[PDB]
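Just one chain is shown here, as structure tokens, and it is the form deposited in one PDB entry.
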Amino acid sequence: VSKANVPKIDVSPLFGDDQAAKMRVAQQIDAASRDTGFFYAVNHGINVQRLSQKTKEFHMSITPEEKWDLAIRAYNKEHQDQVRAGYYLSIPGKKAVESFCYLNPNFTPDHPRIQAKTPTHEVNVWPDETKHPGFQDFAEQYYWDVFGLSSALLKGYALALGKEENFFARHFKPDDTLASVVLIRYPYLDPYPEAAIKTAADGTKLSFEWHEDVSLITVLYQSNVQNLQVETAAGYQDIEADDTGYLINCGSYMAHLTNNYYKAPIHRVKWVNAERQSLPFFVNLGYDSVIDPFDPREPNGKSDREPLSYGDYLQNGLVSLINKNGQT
């Protein structure tokens, strides 16, 4: 099994005004997107050390009582209004992974979207401050930190696709973005529940089977442990770990938009019995956001695909996946 070619692109230029430097990064992004579809963003300026620290603390200290009080509808029938945001418990013998998902901090009861009960929009649930002081404040600030980085990455993607710099970004707004953060925890267990290990056809033990992300792009931070594999033309290939950078990849919405010029990499998660964490930020646009499809391989640049609002795309994509497991 070989290592997938996953370059480390210095993303910092995207935060600056040097059009020349930006274009160079856009060139490197474009090339990764058309190869493995995965690339590391290095020099992103995010205190990734505190992030892992505060997340391990949260997962290790949260009590069973709280997990249950924050559990989404799939776990706790009581919470009918919690579909995405909340705690995803582990099911003894059946599920070993746990995770905590939260949405846009601006989604308060005063928010029009929440008031109008528009699908996919929810209000975040948080643990008690006495048992987890400052957690919320840390978690909400981080949201805006990745929002910042992702916003910089989307300008890179627009340039790479030869579109105007704010082609994508213009739809990534703080007051309505549907992006979500998921704090995943992969436990260490002995014996490790057999039912929680799926075996790929080539035999590989996996925590999660193949799939394409349901997002525009996915910004992930993950502790130094190897588990990801991308399906390339040479079959599956391991992706090297790197606790300093963010692993970036396109979701099916980018594939839709670019008429597959930038495909959504199909990937899977190997099973490793080791306490580690995975923290993806799924970059989603506004509910009413619509971008007309295009094919960069065509002279006109025109595509036959018809525009699909982000709300419809998101709704469908989520309903297709296992509510109990999630990821988005």
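Position 1 is the first residue in the sequence shown; the rest follow in order.
Same protein, other form: the form solved in complex with a small molecule, not shown, and the subject of what follows.
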Note: the small molecule not shown here; in the bound PDB entry, the stretch from 156-164, 110-118, 135-143, 211-219 having heavy atoms within 4.5 Å of it is 211-219
Checking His79, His256, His171, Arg84 against the small molecule in the bound PDB entry, the residue with a non-hydrogen atom inside 4.5 angstroms turns out to be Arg84
Students should find that, of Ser151, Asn124, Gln237, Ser180, the residue having a non-hydrogen atom no more than 4.5 angstroms from the small molecule in the bound PDB entry is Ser180
Is the small molecule in the bound PDB entry close enough to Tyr88, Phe282 and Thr328 that every residue in that trio has a heavy atom within 4.5 angstroms of it? yes
In the bound PDB entry, does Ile248 come within 4.5 Å of the small molecule, counting heavy atoms only? no
**OP:** State yes or no: in the bound PDB entry, is some non-hydrogen atom of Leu308 no more than 4.5 angstroms from a non-hydrogen atom of the small molecule?
**Re:** no
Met23, heavy atom within 4.5 angstroms of the small molecule in the bound PDB entry | no
Quick read on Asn323 and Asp202 CA atoms in the bound PDB entry, 3 Å or more from the shown distance, and they're closer
